[PDB]
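1. Opening with a subset of the complex:
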Amino acid sequence: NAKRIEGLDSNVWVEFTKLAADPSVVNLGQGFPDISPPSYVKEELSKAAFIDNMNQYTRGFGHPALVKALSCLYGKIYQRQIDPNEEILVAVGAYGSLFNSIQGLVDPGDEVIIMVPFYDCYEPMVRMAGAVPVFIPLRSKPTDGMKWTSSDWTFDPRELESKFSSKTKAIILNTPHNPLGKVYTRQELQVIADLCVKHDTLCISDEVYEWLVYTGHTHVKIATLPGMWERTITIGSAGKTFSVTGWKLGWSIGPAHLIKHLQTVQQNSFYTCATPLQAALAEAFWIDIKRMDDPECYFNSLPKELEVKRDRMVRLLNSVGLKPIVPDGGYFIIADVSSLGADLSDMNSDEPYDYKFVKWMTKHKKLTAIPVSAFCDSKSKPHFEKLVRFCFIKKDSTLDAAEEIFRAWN
């Protein structure tokens, strides 16, 4: 194997599929919506399937109708004209956008700052570019008294400063956050932005859950803050926007001098994305761009729908004494498990607590979830190994089955 990939071959994630394969199991593990996608999204793929051109090669950097849709949508959000050709790159999901960003912008021996826990691909991507990941953890503050929330988790601004050096190339920001559900505050984004302009670094901003923020919170884009447009790449995703995870289309939005470099990676890796999916997606975006101020709009109706399910899941978790962190955004909820019965001495292995716990819960209680330490650099794992992540973008019937289990739990 080539050197750039030494030690990047870990997949405990096929293990988590194996656990979940048994069909008498309620799988609340991986982020697999089992709700229907919007009808019109399915319809549009079908319509595009029957047009010959829509089955042939389209523009390398994104299908013109799609990048037209995206520029119009984000134009509104940024309050800025966004250039469909120079300031957007369409790629194989947000995943591939992250790849373009890091491969195009990051050099061997560069430092990249990562907030732990992190969407897990951030570490191997930075190492493959020959760069050094520099970890800083989220820490929790005291609670309001009533409930534990995502907002009770923050970073230490002075600790963050301590991470930046002349070697810092970039920082990777993920908001709304996976796995916490944290919606970063304008004050938190201002601390980060301060350090990027101060240190002349870039910010890679992973905002795939931009539409899933709940009551009392607002998605704020760091790229919109003073001095940040020049230096930010902001990444979105079709899968997350339209509950169509199997489409694997995402976008990078930022200034032309940075998008250039992303574009070169794309050109030299896979060249172009699929035409029918992009065609269809552009129609779907149009359907929703035109009704943004209605509850009918998918950007509004989905978080309204999901918030109910969030609250249902909180209660269910509480009903067995798992201690839930109610999320500000996204469609994951994390739950501390330590105050349940520590049952695992006899499961013999130096695997972190939560892998063990999840394995136990799958065997005995017929429910799977994800161990939060799967989202942690090796030195950070002990500080998170009592934490377990559940996904709730599920239909009622699935949550019912989950309810069946928690009722019967004792």
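-> Good, I have the coordinates. Numbers count the residues shown, from 1 in each chain, chains lettered A, B, ... in the order given.

2. Report the contact partners of residue A:389.
-> Residues near residue A:389 by Cβ atoms under 8 Å, 6 or more residues apart in numbering: A:179, A:332-335, A:369-372, A:375. Where you see a C-beta, it was placed from the backbone N, CA and C, and this is true even at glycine.

3. Helix or strand: which one has it?
-> Using DSSP states H and E, residue A:389 maps to strand A:387-391.

4. What is the subsequent helix or strand relative to that strand?
-> Assignment by DSSP H and E places the next element after strand A:387-391 at helix A:396-407.

5. That next one to strand A:387-391, inter-axis angle?
-> Put simply, helix A:396-407 runs at 150 degrees to strand A:387-391, going by axes from the mean of the first three to the mean of the last three Cα atoms, to 10 degrees.

6. Now tell me what touches helix A:396-407 from outside.
-> Applying Cβ under 8 Å, 6+ apart, the contact partners of helix A:396-407 are A:26, A:28, A:34, A:309, A:312-313, A:316-317, A:319-320, A:365-367, A:392, A:394.

7. Show me what whichever strand or helix holds residue A:258 is packed up against.
-> According to DSSP H and E, residue A:258 maps onto helix A:256-267. Contact here means 3 or more Cβ pairs under 8 Å, 6 or more residues apart in numbering; DSSP states H and E; on that basis helix A:256-267 packs against strand A:88-91, helix A:93-105, strand A:232-237.

8. nearest to residue A:7, of the ones you listed?
-> helix A:93-105 (17.0 Å; Cβ to Cβ).

9. Go through the closest one and list whatever outside residues touch any part of it.
-> A:89, A:91, A:112, A:121-122, A:125-126, A:128-129, A:131, A:169-170, A:202, A:204, A:206, A:208, A:233, A:235-240, A:248-252, A:258, A:261-266, A:269-270.

10. build in chain B:
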Amino acid sequence: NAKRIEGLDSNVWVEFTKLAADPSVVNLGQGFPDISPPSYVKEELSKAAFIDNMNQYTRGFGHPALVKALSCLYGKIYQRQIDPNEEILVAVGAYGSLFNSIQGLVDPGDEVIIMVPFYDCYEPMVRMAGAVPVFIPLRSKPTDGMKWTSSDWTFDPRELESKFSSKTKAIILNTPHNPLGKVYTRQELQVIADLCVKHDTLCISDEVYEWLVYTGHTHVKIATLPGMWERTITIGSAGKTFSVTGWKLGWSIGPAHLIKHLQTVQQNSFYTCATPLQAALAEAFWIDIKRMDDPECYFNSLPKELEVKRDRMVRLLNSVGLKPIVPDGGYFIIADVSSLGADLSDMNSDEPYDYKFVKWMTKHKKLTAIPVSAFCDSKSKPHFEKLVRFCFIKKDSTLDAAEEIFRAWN
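-> So that you can see how it sits with the rest, here is chain B on the chains above:
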């Protein structure tokens, strides 16, 4: 920009799409079928769109249904049990497969051997992995007096051997060849295998056109030669197989100890490919796998439809004193332009003759083609710059429109 991407940002192929901005111009340039895809390819994409699961994430290394079909198809071809999980990897086109191969197996300072002319992504992919491309040209033999064919182009076994050394990691082989149409002989393939075995090098075999061989020629896979299975990655395409170029799905077939590395690259770049495309494709495969001896099988019916279109193009090219090289395979035809009225004063300074001629033919005859020099390293262009490539995977309307131009040439 990251050092890895330095001077790999040229796409002279954007000037070519600019020449395609038709003031009523018959576009015979890029490999863009304008025949309809098989009706059932389209049908299956639509059916898939309506299944909720088919719109959500699938196995990262390739949709189960798809890897199974590939396994059964290619097992019939290789004469072996091919493991659908460990010996196949599904990627974003064959383009993505090549990228998987180079990033997975090639290190800085490795030498990779390429044959000129070459599909043009080969050079920058090699360079982006920090390796050094080593070029060997194809050369003409004396013709049989009667006609010029792809089989009049060959390599010199002694010249090829001289390009092998201990720095050589791999050789990229492309058969049937693009742009030339050459279906490599068993005798030719034997020379490559000998050198790969003697030198313990890899072979990356790009075989996207493997179904497009015309009468009096057979696709043979180097991977099937004695000693080659354990050292070859062989690449296929959804786009080329089912005339569906915009679907961007391709696969690498080969030994576990090589595929595991390609799997790593994919896992840290794009992760999973589109579910509905892959679901649909699997079903298309099953349809044709079950009818392989029938003239209805797309594998048989397509080369048959195309041979007629090739022959038609040979006449038309001849009809105006463009000397065509008849291809054994694929859907491109190269023609020698040199002995036309070959005077082009309008464009000064020596960027290549074929670029000037393609620009001339656009403006004056409303026909585009691709200049062969664009598939050559800088030292090789002079030897190939009187050659021009035309695409004939075109509906009768389009070739009728072609006839009218050749008719009105003189």
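
11. quick one on the thing from earlier: now the angle from the helix or strand that the helix holding residue A:258 is followed by to helix B:275-289?
-> Proceeding C-terminally, helix A:256-267 gives way to helix A:275-289 as the next helix or strand, assigned by DSSP H and E. Relative orientation of helix A:275-289 versus helix B:275-289 (the same axes, to 10 degrees): 150 degrees.

12. Now do the strands in the stretch 101-250 of chain A.
-> Using DSSP state E, counting those that start in this stretch, the strands of the stretch 101-250 of chain A run over A:111-116, A:132-137, A:139-140, A:153-154, A:168-174, A:202-206, A:232-237, A:250-253.

13. Can you lay out these as CSV showing mean neighbour count?
-> As requested, those are exported to CSV (neighbours: other Cβ atoms under 10 Å in any protein chain shown):
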stretch, mean neighbour count
strand A:111-116, 23
strand A:132-137, 17
strand A:139-140, 13
strand A:153-154, 18
strand A:168-174, 24
strand A:202-206, 26
strand A:232-237, 26
strand A:250-253, 26
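
14. Pull the CA coordinates from the helix holding residue A:258 and hand them back as PDB.
-> C-alpha atoms of helix A:256-267 as PDB (Å, rounded to 0.1, in the frame of the first residue of the first chain):
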ATOM      1  CA  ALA A 256     -12.900  31.900  -6.200                       C
ATOM      2  CA  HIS A 257      -9.300  31.900  -5.200                       C
ATOM      3  CA  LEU A 258     -10.000  29.000  -2.800                       C
ATOM      4  CA  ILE A 259     -12.700  27.200  -4.900                       C
ATOM      5  CA  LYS A 260     -10.000  27.100  -7.700                       C
ATOM      6  CA  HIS A 261      -7.900  24.700  -5.700                       C
ATOM      7  CA  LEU A 262     -10.900  22.400  -4.800                       C
ATOM      8  CA  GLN A 263     -11.900  22.400  -8.400                       C
ATOM      9  CA  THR A 264      -8.400  21.000  -9.400                       C
ATOM     10  CA  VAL A 265      -8.800  18.100  -7.000                       C
ATOM     11  CA  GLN A 266     -12.200  17.200  -8.400                       C
ATOM     12  CA  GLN A 267     -10.900  17.500 -12.000                       C
END
